[PDB]
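**Student:**
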Amino acid sequence: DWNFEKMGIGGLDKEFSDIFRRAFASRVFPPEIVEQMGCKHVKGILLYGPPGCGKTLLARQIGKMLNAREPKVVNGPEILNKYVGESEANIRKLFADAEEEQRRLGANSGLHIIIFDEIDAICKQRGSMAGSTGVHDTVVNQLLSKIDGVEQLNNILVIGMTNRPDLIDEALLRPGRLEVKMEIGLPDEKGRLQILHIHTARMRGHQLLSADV
Amino acid sequence: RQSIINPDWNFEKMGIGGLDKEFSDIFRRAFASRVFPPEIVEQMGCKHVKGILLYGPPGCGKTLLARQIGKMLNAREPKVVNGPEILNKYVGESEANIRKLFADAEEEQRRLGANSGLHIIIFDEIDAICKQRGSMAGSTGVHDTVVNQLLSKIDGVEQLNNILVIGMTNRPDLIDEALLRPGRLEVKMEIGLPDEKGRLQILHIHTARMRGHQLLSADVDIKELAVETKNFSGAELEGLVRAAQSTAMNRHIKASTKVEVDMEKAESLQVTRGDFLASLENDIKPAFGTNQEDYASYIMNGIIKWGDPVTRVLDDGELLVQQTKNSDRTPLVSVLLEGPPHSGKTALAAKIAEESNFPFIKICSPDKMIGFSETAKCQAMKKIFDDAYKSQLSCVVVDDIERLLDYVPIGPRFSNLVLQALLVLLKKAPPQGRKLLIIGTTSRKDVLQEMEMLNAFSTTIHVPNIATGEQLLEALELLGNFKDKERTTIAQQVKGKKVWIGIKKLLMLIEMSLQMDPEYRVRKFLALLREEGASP
Amino acid sequence: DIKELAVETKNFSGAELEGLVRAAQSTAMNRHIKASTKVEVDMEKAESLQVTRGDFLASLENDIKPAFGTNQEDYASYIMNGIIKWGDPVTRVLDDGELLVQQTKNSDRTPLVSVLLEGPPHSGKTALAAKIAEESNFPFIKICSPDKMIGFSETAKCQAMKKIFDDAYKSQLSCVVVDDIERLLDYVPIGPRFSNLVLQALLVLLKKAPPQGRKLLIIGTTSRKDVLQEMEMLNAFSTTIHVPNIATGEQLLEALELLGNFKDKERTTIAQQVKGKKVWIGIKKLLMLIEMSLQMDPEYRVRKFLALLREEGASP
Amino acid sequence: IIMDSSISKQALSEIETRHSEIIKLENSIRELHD
Ligand SMILES: Nc1ncnc2c1ncn2[C@@H]1O[C@H](COP(=O)(O)OP(=O)(O)OP(=O)(O)O)[C@@H](O)[C@H]1O
Ligand SMILES: Nc1ncnc2c1ncn2[C@@H]1O[C@H](COP(=O)(O)OP(=O)(O)OP(=O)(O)O)[C@@H](O)[C@H]1O
Ligand SMILES: Nc1ncnc2c1ncn2[C@@H]1O[C@H](COP(=O)(O)OP(=O)(O)O)[C@@H](O)[C@H]1O
Ligand SMILES: Nc1ncnc2c1ncn2[C@@H]1O[C@H](COP(=O)(O)OP(=O)(O)O)[C@@H](O)[C@H]1O
Ligand SMILES: [Mg+2]
Ligand SMILES: [Mg+2]
Ligand SMILES: [Mg+2]
Ligand SMILES: [Mg+2]
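Chains as they are written, first to last, in the UniProt record's numbering: chain R, 212 to 424; chain E, 205 to 740; chain Y, 425 to 740; chain W, 181 to 214.
Encoded structure:
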């Protein structure tokens, strides 16, 4: 029981058709045909644009749109400890449930969502030409080694929100990990009309808005 | 002898295409002595190799090859390390974790002697822990201890003969030197971009199940896809096929505000060429290939032929391209395009580059280096050229050389590191038999000649301005502006004089003279032209 | 033959030799196997396995590479298109180099000798130091070129040069090449500007005798002699050698004949219009005008070559 | 502005008779043996 009219979003009526054509299209078709096709589902999305334009809203709404289990949340720089080898434990703890479910059952586990906020904060470019950045290298490696690795996962999906698309490590933005990327820009007139309607509908309901407005 | 190889393993089952030579080499050097009868090996008295390393650009098939080779051998299961997964905070616990990997082989050797089974160990992302033994100054020191433990356990006082270690990395220059001698890690391989046959084999491999169930329409032709995509890695091909399938499936599904599926279209499901072309145009974008956006921001308003001097530049560019494509003894040729300012010399370079059909084309322009220091500019240029060195052909454009050096007439002043990193990069030949071509643009030739930078460049082409009034009339006619009697009067006032104006300035004078009423456009145009035409 | 392998391998350590032997064994063994859809090993030809010398050379040239000193790849990279003989001025340089290298091995009063090759640009100096270094058959040979130090600051260049020179004090006798000096210590006519630390390091390293009883030979190349003379550096080098350009029609004809281009009638056609004047062109440019010319139709070839040569016309 | 730190722990000489079994010793001495 869900329709877009109850989502609460207004204006991003075209930047949502794609995200429901490349990320979820292969989980609603009859399973037998998809199995006969032998394809693998996408496991990443990246949203970017100016600040304060409706990004986190899409995250919550997409998270609760599916029957998926309740989203986890990593709050950017909340995974930086001080002892040696403590950030990696925090990173690894996210995929424990996914791995356990993938091992127990097979091709039947429910979708697991991991909402990643301020991706640019930690996932900086690894760099080269001698010199060690510090702890960022280890975190980046431990992250790149889990989404795609010797052991295969097919019941996960990662969402990343940031406003600087050209400060993220290039090895992370390749087909197979964080493939689909979208831009959410300022809205034109119709967007403003829909936004105002959505935000004033409640008051208009109870005859609390004068007819002069 | 129970064959180390699994009783049933055929190369067709592995599913790897385009890596035949590398796999043959690996099998020959790391598996040959375990399949030959044992008595002759005992007589010869040799010790088996115990190391393999893989490196290359991301997304070319390293972890696939490692996993498949690990699965080939029917002897136990691999022991994986997922990166920096062996690390703790208590003193002296990383070394214990490292030591727990080799324990089983140590125990088994003594019990069984010389009939043990191969024990494999995979070291995904090796460059996270093993680095130069003393290049990390300031840390607690776990790196040095880990490196020493690994070195002392692979080849120490006691000897093992039933292990095999595989490593993967993207930067095969930070790894320790003492770990890459003929004792520990011998066979080192590079996984590079495939050629036409590799792409054909990969596309055959991936789109096979769909062929089995008649889910692929006969309209599709594989050879066209193989030829049409150049410098695509395997992951990009997989993404292309997946995007095509996704579009085909989404075609049938109906409605988004209320999910609905129609079985009538579902039963008859097929993918056609149109989906493939749409996916190629819109979704997938290679990294080592050519992009269609670089040529839409520089050559903005097409190229018109206002006279004779326009065709000569293109012809000479074609001649240079042909020279660099079909000859040896000359694998690196460069050319300099120069002329007065506002003449249109940054569009001709782009057009010449685009008309070459080279797989790899790149433009290095100062638009993307605002505020950078000297070192940042040097690093950026070095990275561009390093990427260019990884293809069979290439073409690199250097735009507005005088702005890279940071020149200024007063003083004068400029950067020196950039000048040298540019002067020594115009004579370094590419590795092996790989070609290259460099096209530079400038507007002040004398200053460059005074810097002794005219020896590096192998030739020079001159881009002239509009000189004869007839050329101006031709340009005005071709641009689609004042015509009929208006044209006539302009001619009457222009033929009896000389004109000296660039082509980028005419497009601005015309547009500036069109904002008046429809009675004074000609007069304003002539006044502006007279005020601007300082014939030198 | 064991002695051939002993002589060929240079700067090998024991592990390297063991690896070479093992690789040769594996290559010899691989013939019997048939890595078809199923792995098969022949049991008839087996027991007749024999290791041949060709296998040893193949393993040497494909699957083993030492890590102390230069290797054939660098030599093939620098001296690229061979060393032709366009006249007498080619043999003189090699003879002088031979005399110098002979001196730096049978004497003890002078355990350090330095020489400098000078001439006009695009004349073939970096491909005559390599040949002299190679023909000496010294145990340790290293080349210090500035294309491996792109973007380095002054200190990094100093450290790299110091390390390369320290690697040469732990051998019995060695040769070191410093090519393109004018680019090691950045120089640009405007100003002038340059690095001072590099100049001081070089000027102190060129007069530092090695430990007791060991010898060294330094060969340096440059293109602008006068600037070096003006830095008070040209009284530190022991001697000097001059590398000239093609300066006569007969030498141009000889070079064209030996390179293998413009044969038969076209050669006489060129001779007609070339014998009536003198020429001034280096040997590296002459290998580029030829390639530029050989791109037109089967006809209209000599015309373009002569035109390009005429345009590139100057003199001292 | 960064410094990763390692730690070292120590065990405790857990004693069964340092409390609640000194009372049990009394229950064994003053009561059971009495
Ligand atoms: N025949 C032509 N040749 C070149 N450019 C042309 C021609 N016809 C039209 N143009 C347009 O003229 C402009 C060419 O000059 P451009 O805008 O690239 O600047 P430029 O020559 O690099 O200038 P600057 O020297 O000031 O950096 C482009 O808009 C190009 O579309
Ligand atoms: N007799 C010869 N002597 C030297 N080089 C020759 C001779 N014959 C052919 N060559 C070729 O000439 C080239 C050597 O010239 P090289 O590029 O080293 O000149 P250079 O003076 O060092 O240049 P620059 O100062 O511009 O860097 C090589 O291709 C070599 O094959
Ligand atoms: N497309 C939209 N339609 C309706 N409201 C929006 C939209 N985009 C943003 N908003 C409003 O912005 C507020 C906060 O947005 P927020 O999630 O903070 O965006 P961001 O995370 O990009 O700053 C929400 O309360 C919401 O009402
Ligand atoms: N030679 C190949 N043959 C077939 N598929 C390949 C080949 N190389 C890469 N691929 C495909 O592309 C992907 C490569 O990713 P992978 O190699 O696992 O990552 P990485 O390159 O970082 O090791 C795989 O999913 C595989 O399907
Ligand atoms: Mg937010
Ligand atoms: Mg991988
Ligand atoms: Mg320009
Ligand atoms: Mg030189």
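Think of the CB as a built atom: it goes at the ideal place given N, C-alpha and C, for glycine as much as any other residue.
For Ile694/Y, which residues of its own chain have a beta-carbon under 8 Å away from its beta-carbon, when the five flanking residues on both sides are left out?
**Tutor:** Cβ neighbours of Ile694/Y beyond the five flanking positions: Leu677, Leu680, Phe686, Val726, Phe729, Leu730.
**Student:** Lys458/Y by DSSP, collapsed to three states: which one?
**Tutor:** Strand, per DSSP.
**Student:** Comparing the CB of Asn505/Y with every heavy atom of ligand 2, is any distance shorter than 8 Å?
**Tutor:** Because some heavy atom of ligand 2 lies under 8 Å away, the Cβ of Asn505/Y counts as near it: yes.
**Student:** If you check the beta carbons only, do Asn292/E and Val284/R fall under 9 Å apart?
**Tutor:** Cβ distance not < 9 Å, so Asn292/E and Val284/R don't count as in contact.
**Student:** Got a sec: which bits of the stretch 588–612 of chain E sit with their beta carbon under 9 Å from any beta carbon on chain R, in order along the chain?
**Tutor:** If the cut-off is 9 Å between Cβ atoms, the stretch 588–612 of chain E has nothing near chain R.
**Student:** Taking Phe480/E as part of the alpha helix (DSSP H), name the residues at either end of that continuous run.
**Tutor:** Residues 477–486.
**Student:** For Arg446/E, which option in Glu432/E, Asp487/E, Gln583/E, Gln418/E has the closest C-alpha, if you only look at C-alpha atoms?
**Tutor:** With distances taken between Cα atoms, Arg446/E lies closest to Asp487/E.
**Student:** Run the proximity test for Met372/E: is its beta-carbon closer than 8 Å to any non-hydrogen atom belonging to ligand 6?
**Tutor:** Checking the Cβ of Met372/E against ligand 6 gives yes.
**Student:** In chain order, what are the residue ranges of uninterrupted beta strand (DSSP E) at least 3 long that sit wholly in the stretch 555–580 of chain E?
**Tutor:** The qualifying runs are 565–568.
**Student:** Straight-line CA distance for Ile614/Y to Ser647/E?
**Tutor:** Near 19 Å, if we compare the C-alpha coordinates of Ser647/E and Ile614/Y.
**Student:** From the DSSP output, in three-state form, read off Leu540/Y for me.
**Tutor:** Note: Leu540/Y maps to strand in three-state DSSP.
**Student:** State the DSSP-derived secondary structure class of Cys599/Y, mapped to helix, strand or coil.
**Tutor:** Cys599/Y falls in the strand class under three-state DSSP.
**Student:** Can you tell me whether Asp328/R is helix, strand or coil according to DSSP?
**Tutor:** Strand.
**Student:** Going straight from the alpha carbon of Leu682/E to that of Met504/E, what length do you get?
**Tutor:** Looking at the two C-alpha atoms, the distance is approximately 16 Å.
**Student:** When you compare the CB positions of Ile256/R and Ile370/R, do they come within less than 9 Å of one another, or not?
**Tutor:** Yes.
**Student:** With 9 Å set as the bound, which would you pick, yes or no: does the beta-carbon of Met340/E sit closer than that to a beta-carbon of chain R?
**Tutor:** Judged by the 9 Å Cβ criterion, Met340/E is in contact with chain R.
**Student:** Closer than 9 Å, Cβ to any Cβ of chain R: which residues of the stretch 441–452 of chain E, in chain order?
**Tutor:** Here the close residues are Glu442, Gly443, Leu444, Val445, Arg446, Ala447, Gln449, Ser450, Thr451.
**Student:** What's the gap between the Cα of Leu641/E and the Cα of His408/R?
**Tutor:** C-alpha separation (whole angstroms): 59 Å.
**Student:** Going by CA-CA distance only, name the one from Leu718/E, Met248/E, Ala452/E that's closest to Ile244/R.
**Tutor:** Comparing Cα positions, the closest option is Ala452/E.
**Student:** From the DSSP output, read off the bridge partner residues of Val285/R.
**Tutor:** DSSP lists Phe327/R as partners of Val285/R.
**Student:** With 9 Å set as the bound, which would you pick, yes or no: does the beta-carbon of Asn301/R sit closer than that to a beta-carbon of chain E?
**Tutor:** No, its Cβ sits nowhere closer than 9 Å to a Cβ of chain E.
**Student:** Within 9 Å (strictly less), CB to CB, does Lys708/E reach chain W?
**Tutor:** It does not: the Cβ of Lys708/E has no partner Cβ on chain W nearer than 9 Å.
**Student:** Using CA coordinates, which residue listed in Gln636/E, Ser717/E, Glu400/E is at the minimum distance from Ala500/Y?
**Tutor:** The shortest C-alpha separation from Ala500/Y is found at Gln636/E.
**Student:** Does any residue of chain R bring its CB to less than 9 Å from the CB of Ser188/W?
**Tutor:** Closer than 9 Å: no.
**Student:** Since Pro570/Y meets chain E, which of its residues come closer than 8 Å, beta carbon to beta carbon?
**Tutor:** Those within 8 Å of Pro570/Y in chain E are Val628.
**Student:** Smallest Cα separation from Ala553/E: which of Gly338/E, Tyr611/E, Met657/E, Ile665/E?
**Tutor:** Ranking the options by Cα distance to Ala553/E, first place goes to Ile665/E.
**Student:** Short of 6 Å in beta carbon distance, which residues of its chain neighbour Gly644/E, apart from the five on each side in sequence? Order them along the chain.
**Tutor:** Correct list, in chain order: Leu540, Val602, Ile605.
**Student:** With 9 Å as the threshold, decide whether the Cβ of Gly321/E is near any Cβ in chain Y.
**Tutor:** Judged by the 9 Å Cβ criterion, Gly321/E is not in contact with chain Y.
**Student:** Whole angstroms is fine: what's the gap from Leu710/Y's alpha carbon to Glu654/E's?
**Tutor:** Rounded to whole angstroms, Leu710/Y to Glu654/E spans 25 Å at the Cα level.
**Student:** Strictly under 9 Å for the Cβ-Cβ distance: is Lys335/E near chain W by that measure?
**Tutor:** Chain W, which has no Cβ nearer than 9 Å to the Cβ of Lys335/E, makes this no.
**Student:** According to DSSP, simplified to helix, strand and coil, what is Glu390/E?
**Tutor:** In the structure shown, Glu390/E sits in coil (DSSP, three-state: anything other than H, G, I, E or B).
**Student:** Would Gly673/E pass as a contact of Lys701/E if the rule is Cβ separation under 9 Å?
**Tutor:** Cβ distance < 9 Å, so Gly673/E and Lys701/E count as in contact.
**Student:** Taking the alpha helix (DSSP H) that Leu364/R belongs to, which residues open and close that run?
**Tutor:** Unbroken run through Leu364/R: none, as it is neither H nor E.
**Student:** Against chain Y, does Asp377/E count as a neighbour if the rule is that its beta carbon must be under 9 Å from one of theirs?
**Tutor:** With 9 Å as the cut-off, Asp377/E does not count as an interface residue toward chain Y.
**Student:** Return the Cβ separation of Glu329/E and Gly287/E in integer angstroms, given the expectation that the two are a contact with Cβ distance under 8 Å.
**Tutor:** That belief holds up - the Cβ atoms of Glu329/E and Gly287/E are roughly 4 Å apart, short of 8 Å.
**Student:** Here's the rule I'm using: 16 or more other beta-carbon atoms within 10 Å means buried, otherwise exposed. How should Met248/R be labelled?
**Tutor:** Answer is buried; the Cβ neighbour count reaches 16.
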